[PDB]
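Single chain ahead, written as structure tokens, the form deposited in one PDB entry.
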């Protein structure tokens, strides 16, 4: 029901609004150069990384970076802090998903467990441009080279995230559309331990129709955006696929490396 779909739509909107602070909307208004209430303090090298330690809030080893826990570490054990934060919001927005919180207790988790990372890169896009990506609330702009120049491992960590973002953003999906896309993802139903599935599908349908008319409407010209959009999902897989294989490395190679429970539990290889 159209009238019920705009409802469904609009319904997921405010939620996304209330579960996530850095909307694509704000995150884009901190990337262009137009308004300069406060632009993003940019990070491109060490002098700046450090300079941004004072200018920006980085509750980590302020002075050196080498001998007392190298930086890539602090820069990596950083995302993992934002991380916890993501699943916080993410899960939250999932709580609001129509009928979602009804399904098997065991499954909801699964849904979150996986779809949480896939959703992390979905969002993440609106956070970056081909010059770099914003950090800590978009209160800063870490450059693409700064990262690219890092230690043998982590060094390739993000570089493979732009090609996706660049393209994903190229569809020009505003906020109003994201939430529902963030909705579908979650109600996938093709995950391990998926106890009872048809329901998660009945839901995902609700949100596949909804989201559908949202593109047509919100993007009259964006012919085939839906198909185009749903397609992106594969992109998001490999990325999550690959990412994992990294934490697969990193930890059995960084055994002092801690890991918050929500992550400890979603960080499940394969």
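Here the rigid core means the biggest group of C-alpha atoms that line up within 1.5 Å when the two forms are laid on top of each other. Numbering follows the first chain given and starts at 1.
Below, we turn to the form solved in complex with a partner chain, even though it does not appear here.
- Residues 91, 105 and 109 are all found to lie within 4.5 Å of its partner chain in the entry with it bound, as judged by heavy atom distances.
- A heavy atom within 4.5 Å of its partner chain in the entry with it bound is found for one listed residue only; from 127, 158, 116, 71, this is 116.
- When its partner chain is considered in the entry with it bound, only one residue from 133, 173, 75, 87 comes within 4.5 Å through any heavy atom, namely 87.
- Put simply, residue 148 is far from its partner chain in the entry with it bound: not one heavy atom of it is within 4.5 Å.
- For the chain shown alone, residue 162 is not a contact residue for its partner chain in the entry with it bound, no non-hydrogen atom being within 4.5 angstroms.
- Taking the partner from the other structure, its partner chain in the entry with it bound has a heavy atom within 4.5 Å of a heavy atom of residue 100.
- Candidate set 223, 68, 209, 241; criterion, C-alpha shift of 2 Å or more between this form and the one not shown after rigid-core fit; matching residue, 68.
- After superposing the rigid core, the C-alpha of residue 9 moves by less than 2 Å between this form and the one not shown.
- Relative to the superposed core, residue 25 undergoes a Cα shift smaller than 2 Å between this form and the one not shown.
- The pair residue 261 and residue 133 is tighter in the entry with it bound: their Cα-Cα distance falls by no less than 3 Å compared with this form.
- Panel note: the distance between the CA atoms of residue 34 and residue 23 is smaller in the entry with it bound than in this form, the difference being 3 Å or more.
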